[PDB]
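Architecture at a glance
Below are the chains, spelled out letter by letter.
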There are 8 protein chains.
Amino acid sequence: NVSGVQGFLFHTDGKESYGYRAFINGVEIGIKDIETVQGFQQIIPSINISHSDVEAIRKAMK
Amino acid sequence: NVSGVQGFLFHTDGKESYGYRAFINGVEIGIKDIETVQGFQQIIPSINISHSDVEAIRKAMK
Amino acid sequence: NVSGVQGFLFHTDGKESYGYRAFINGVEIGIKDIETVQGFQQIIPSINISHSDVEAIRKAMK
Amino acid sequence: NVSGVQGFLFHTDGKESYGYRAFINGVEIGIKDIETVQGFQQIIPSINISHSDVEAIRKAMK
Amino acid sequence: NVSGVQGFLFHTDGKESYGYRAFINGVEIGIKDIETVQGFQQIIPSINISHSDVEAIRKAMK
Amino acid sequence: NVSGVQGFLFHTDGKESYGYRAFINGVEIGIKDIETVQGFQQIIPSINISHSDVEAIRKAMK
Amino acid sequence: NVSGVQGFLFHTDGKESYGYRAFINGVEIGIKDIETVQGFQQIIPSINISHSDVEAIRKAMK
Amino acid sequence: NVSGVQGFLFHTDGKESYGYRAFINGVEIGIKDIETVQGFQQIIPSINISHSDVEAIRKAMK
């Protein structure tokens with residue numbers, strides 16, 4: 001993996017969107033623009049996580 | 001493995017269901033929503049574990 | 001190996017069964033239910049070890 | 001990966017261009033010349049990042 | 001290598017047989033039963049080592 | 001990678017040549033002879049970097 | 001590499017034989033029996049080194 | 001790479017030959033015999049390095 005990035009994008013398609021976020025090298029960030037989502041989709045996976053589950057996933061990606 | 005996640009989802013098809021859970025980077029979490037299960041099934045395996053065996057698996061998975 | 005598990009299931013088909021056990025990440029456990037055996041067979045190998053040899057294998061997986 | 005380089009080029013196709021930049025082994029640099037962009041595109045990925053998201057990516061990429 | 005085992009079985013086909021033995025994660029053990037030999041042949045290689053050479057191999061294999 | 005070398009050759013085809021250089025295992029060197037360039041091109045990549053960008057790349061390969 | 005062995009067998013076909021030797025996990029040993037040579041040829045490479053060069057190779061495999 | 005060797009042979013086809021040499025696990029050695037060159041060409045690459053560039057390569061290869 002030449003990119004130097006490990007992690008994933010996450011979002012929900014449920015009624016209660018939080019937009020897109022990512023874990024990148026163990027750091028959680030918000031992604032504001034569509035362009036950046038598409039850019040990182042070239043190099044890391046993009047999965048669905050419901051709003052109610054984000055807190056637990058945060059615990060495990062710490 | 002670009003995702004930065006090692007682990008697995010687990011559930012039982014037996015009578016005493018505990019829903020879905022996962023080990024994610026050595027942290028055990030409960031998973032509240034179907035969308036999250038399907039999200040993580042994109043990047044980690046999903047296996048069956050009896051209610052009766054979770055305690056021993058917990059011991060191995062720190 | 002995305003599962004975060006290294007190890008193997010072991011059992012004997014000799015007259016003197018000890019059921020199924022596993023080394024998971026260097027930790028020995030007993031597996032009580034058939035469902036759990038089949039689940040872990042999705043991600044780690046499953047080999048035969050006679051009852052008389054388990055003590056030596058324990059020494060080496062310590 | 002024989003190059004000894006992990007990282008990526010990034011740029012925006014939006015209105016507020018910042019040219020090309022890169023993370024190379026966790027160091028952020030600006031890239032002044034087209035020849036260098038084309039050189040590094042031989043060994044590292046090249047993705048789109050909005051001007052608005054660079055600050056968060058910076059935080060993840062140390 | 002998902003098994004968490006690195007090592008090999010060894011035996012001699014010469015006149016002074018010592019049965020089967022193995023190095024498993026740098027620990028030397030004797031193997032008492034055919035079932036165990038066949039089990040481990042599923043996950044580690046099995047080679048020939050003369051009785052006369054075991055002492056030197058021991059020195060290398062710590 | 002059996003060669004024990006990670007890095008790359010770099011040069012510019014711009015008007016202002018600095019000849020060939022390389023980062024080899026994090027050490028920057030000049031390559032004076034054509035024979036050596038061709039030799040290392042057998043084992044590491046060879047990319048273009050403009051003279052104006054070498055200073056930044058040096059910073060990141062430190 | 002599941003064998004837990006890194007190294008090589010070496011011998012000379014020059015007039016001045018030293019028999020077979022090996023570096024196994026950074027430890028030099030002599031191999032006395034043909035059976036052991038053939039056994040290790042299943043898992044590590046077997047190359048030619050002249051008697052006059054063994055001293056230098058020893059220096060580098062230390 | 002099962003050999004436990006990382007490195008390369010080097011020589012020059014220029015007028016000032018130094019014979020064959022190698023870096024083997026970060027140690028530079030001279031190689032006295034053709035048989036050894038052919039042996040190591042089985043496990044490590046063999047490249048051209050001008051007499052004039054050896055000093056710089058030495059600096060990188062520690």
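See the structure printed just above.
First things first, this report covers the structure right here in the doc. (Residues numbered from 1 in each chain as written, not as in the entry; some residues may be left out. Chains lettered and ligands numbered in written order. Heavy atoms only, no water. Residues with missing side-chain atoms left out of burial classes, pairs and counts.)

**Focus on the overall build of chain A**
Put simply, the test is: We count a stretch as a helix when DSSP gives it H or I for four or more residues in a row; a strand needs E for two or more, and each element gets its number in order from the N terminus. Based on C-alpha atoms, the radius of gyration is set beside the globule rule, defined as 2.2 Å times the residue count to the power 0.38. Residue contacts are defined here by distance: any two heavy atoms, one from each residue, within 4.5 Å place the two residues in contact.
Secondary structure summary: chain A contains 2 helices and 4 strands in total. Tracing chain A from N to C terminus, the helices and strands come up as β-β-β-α-β-α. Against the compact-globule benchmark of 11 Å for 62 residues, chain A has a radius of gyration of 11 Å, which places it among compact chains. The principal-axis extent of the C-alpha atoms belonging to chain A is close to 35 × 25 × 15 Å. Pairs at least 24 apart in sequence give 50% of the contacts found in chain A among residues at least 6 apart.

**A short note on the interface of chain D and chain A**
The following threshold applies: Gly is placed with the polar residues, together with every amino acid not listed as nonpolar (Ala, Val, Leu, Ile, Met, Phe, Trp, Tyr, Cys and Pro) or charged (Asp, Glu, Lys and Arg).
In this complex, chain D contributes 22 residues to the contact, which on the side of chain A involves 19 residues. Elements represented by at least two residues in the side of chain D that touches chain A include exactly β1 (7-11), β4 (46-48) and α2 (54-61) of chain D. The leading source of residues in the side of chain D that touches chain A is α2(D), at 4 residues. Of the residues assigned to the side of chain D that touches chain A, the class counts are 11 nonpolar, 9 polar and 2 charged.

**Section: the side chain of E35(B)**
Condition: Accessible area is worked out with a 1.4 Å probe on protein chains only. A residue is then buried under 20% of its type maximum, exposed over 50%, and partly exposed in between. Positive residues here are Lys and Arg, negative ones are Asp and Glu, while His and the chain termini are left out of the count. One speaks of a salt bridge when a side-chain nitrogen belonging to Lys or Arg is within 4 Å of a carboxyl oxygen belonging to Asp or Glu. Definition of a polar contact: a pair of N or O atoms within 3.5 Å, with one able to donate and the other able to accept a hydrogen when the atoms are protein atoms, and with sequence-neighbouring residues admitted only if both atoms are side-chain atoms.
Take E35(B): it is sitting in helix α1 (residues 34-40). Buried within the structure, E35(B) lacks any salt-bridge partner; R21(A) is the closest side chain of opposite charge, at an N-O distance of 14 Å. A polar side-chain atom of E35(B) sits 2.8 Å from the main-chain amide nitrogen of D13(A). Look past the residues within four positions of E35(B) in its chain and what remains in contact with it is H11(A), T12(A), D13(A), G14(A), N48(A), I49(A) and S50(A).

**Structural notes on the interface of chain A and chain B**
Which entries qualify depends on this criterion: Values labelled buried area give the accessible surface lost by two parts on being combined, using a 1.4 Å probe and summing over both.
Every contact between the two is made by 22 residues of chain A and, on the other side, 19 residues of chain B. Across the chain A to chain B interface the summed buried area is about 1500 Å²; carbon plus sulfur atoms make up 63%. Counting every contact that joins chain A to chain B gives 0 salt bridges. Along the contact surface separating chain A from chain B lie 12 residue pairs in polar contact. Breaking the side of chain A that touches chain B down by element, the ones donating at least two residues are β1 (7-11), β4 (46-48) and α2 (54-60) of chain A. Class assignment for the residues of the side of chain A that touches chain B results in 11 nonpolar, 9 polar and 2 charged.

**Some points on the sheet that holds β4(D)**
By definition, the strands of a sheet pair up through backbone hydrogen bonds, in either a parallel or an antiparallel sense. This is how it is decided: One requirement defines pairing of two strands: DSSP has to find at least two bridges between them. Fitted lines through C-alpha atoms give the axes, limited to the stretch in contact for helices. The angle between two N-to-C directions lies from 0 to 180 degrees.
Taken together, 4 strands build an open sheet; the order of strands is β3-β2-β1-β4 (chain D) and the sheet is mixed. Because the sheet does not close on itself, it has two edges, and the strands there are β3 (27-31) and β4 of chain D. Each strand axis lies, on average, 30 degrees off the axis of its neighbour in the sheet, ignoring direction. Alignment of strand β2 (residues 20-24) of chain D against β3(D), held across 5 bridges, turns out to be antiparallel. Directly across from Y20(D), in β3(D), lies its bridge partner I31(D). Helix α1 (residues 34-41) of chain A contacts β1 and β4 of chain D of the sheet and is inclined by roughly 155 degrees relative to β4(D).

**A look at the arrangement of the chains**
Here chain B and chain D are not in contact; the least distance found between their C-alpha atoms is 13 Å. Nothing in chain B touches chain E, and the closest approach of their C-alpha atoms is 13 Å.

**Concerning the sheet that holds strand β2 (residues 20-24) of chain F**
The 4 strands are arranged β3-β2-β1-β4 (chain F) in an open sheet whose pairing can be described as mixed. A single partner strand is all that each edge strand has here, and the edge strands are β3 (27-31) and β4 (46-48) of chain F. Geometrically, the sheet is characterised by an average inter-axis angle of 30 degrees between neighbouring strands, direction not taken into account. The sheet contacts of helix α2 (residues 54-61) of chain H involve β2 and β3 of chain F, and relative to β3(F) the element is tilted by about 170 degrees.

**Looking at the pattern of salt bridges**
For the structure shown, the criterion picks out 16 salt bridges over all chains. Between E28(G) and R58(G) there is a salt bridge whose closest N-O contact spans 2.7 Å. Taken together, the positions of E28(G) in strand β3 (residues 27-31) and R58(G) in helix α2 (residues 54-60) put the pair 30 residues apart, joining distant regions of the chain. Here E28(G) falls in the partly exposed class, since its relative accessible area comes to 21%. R58(G) sits in the partly exposed class, given a relative accessible area of 38%. Overlapping salt bridges, with partners in common, bring together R21(A), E28(A) and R58(A) in one network.

**Describing the relation of the copies chain D and chain A**
As a reminder of what qualifies: The copies line up through least-squares superposition based on their C-alpha atoms.
Rotating chain D by 45 degrees and translating it 0.0 Å along the rotation axis places it on chain A, where the RMSD comes to 0.2 Å. An overlap of only 14% is found between the interface residues of chain D and their copies at the interface of chain A, pointing to separate contact surfaces.

**Considerations on the packing of aromatic side chains**
Cut-off, in case you're wondering: Stacked, tilted and edge-to-face are the three classes applied to pairs of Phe, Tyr and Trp rings, where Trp contributes its six-membered ring and a pair requires centres within 6.5 Å; stacked means planes under 30 degrees apart, edge-to-face means over 60, and tilted covers the rest.
Applying the stated criterion across every chain yields a total of 40 aromatic pairs over all chains. Note on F10(B) and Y18(B): the rings are 5.8 Å apart at their centroids and 55 degrees apart in plane angle, and the pair reads as tilted. Among the residues examined, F10(B) registers a relative accessible area of 1% and is labelled buried. The exposure class assigned to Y18(B) is buried, which follows from its relative accessible area of 19%. Taking 5.3 Å as the distance between ring centres and 15 degrees as the angle between the ring planes, the aromatic pair formed by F10(G) and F23(G) counts as stacked. Note that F10(G) is positioned in strand β1 (residues 7-11) and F23(G) in strand β2 (residues 20-24), a separation of 13 residues in sequence.

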